[PDB]
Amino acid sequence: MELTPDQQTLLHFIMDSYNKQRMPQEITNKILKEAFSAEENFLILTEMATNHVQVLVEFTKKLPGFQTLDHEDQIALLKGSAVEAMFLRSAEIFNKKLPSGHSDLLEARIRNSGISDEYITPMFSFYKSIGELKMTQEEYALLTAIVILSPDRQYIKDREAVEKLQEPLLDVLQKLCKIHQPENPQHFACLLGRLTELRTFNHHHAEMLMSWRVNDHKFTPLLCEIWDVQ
């Protein structure tokens, strides 16, 4: 029912690692500062995502057992989770409490960023759905670790080796849900269900980027490796 010493150690270690991320307030201030053109917004997106992927590699390498995995499987896990991890992190940032009216302004600024309307609604539907779950920092950090260590990813040669790394994290998350949300026993299943919605954004990320209302879609060599873009 309660966490074991090994589990508390693992949880705290995932937490230290996750807290190395850029401050949510730092991100929201850049957006809420002034209304930018779609071109200035796309540039912010590419800068944010470049730093996100760099921080994600460092968090990923600290995941227990990750360094023991085959080098090609390591690349496949990272390439398959980078997009999902940024969307998951964007939902966390979105749902952080701000002074009255600022969350309405942040929503409107994102809606007017340059992204197509066809992608706006499923994006806000996912953020809204995440916010309803009232997730703690521990839950976001574990769910990010679980997303990275998904054996059910394409191009994985040794699925068993990855499943062995994902199981203890699934075990910790399941325990946290039974403790912080005892009135809702379906909470862990709800969280796991969100990961299927995450996968849809990954399937449409290239079209989302190319449909952005800018004259030129300029990327960095690192973003070309993580996104399916030229």
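We number the residues from 1 along the sequence you see. Here the rigid core means the biggest group of C-alpha atoms that line up within 1.5 Å when the two forms are laid on top of each other.
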* Is the larger C-alpha RMS shift in 9 other deposited structures of this protein, relative to this form with the rigid core superposed, found in 57 to 65 or in 31 to 39? -> 31 to 39
* RMS Cα shift after core superposition in 9 other deposited structures of this protein, winner of 199 to 207 and 157 to 165 -> 199 to 207
* Structure fact -> Between 119 to 127 and 96 to 104, the record assigns the higher mean Cα B factor to 96 to 104
* **47 to 55 versus 177 to 185 - greater average Cα B-factor per the deposited record** => 177 to 185
* Most elevated Cα B-factor in the entry, residues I156, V147, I110, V83 -> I156
* Would you please rank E167 by its C-alpha temperature factor against the other modelled residues of its chain and give the third it falls in: lowest, middle or highest? => lowest
* Asked: Lowest, middle or highest third: where is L3 by C-alpha B factor in its chain?
  -> highest
* Asked: Lowest, middle or highest third of the chain for the C-alpha temperature factor of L69?
  -> middle
* Structure fact -> Chain-relative C-alpha B factor for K61 (record values, thirds): the lowest
* Considering only modelled residues of the same chain, in which third does the CA B-factor of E139 rank: lowest, middle or highest? -> lowest
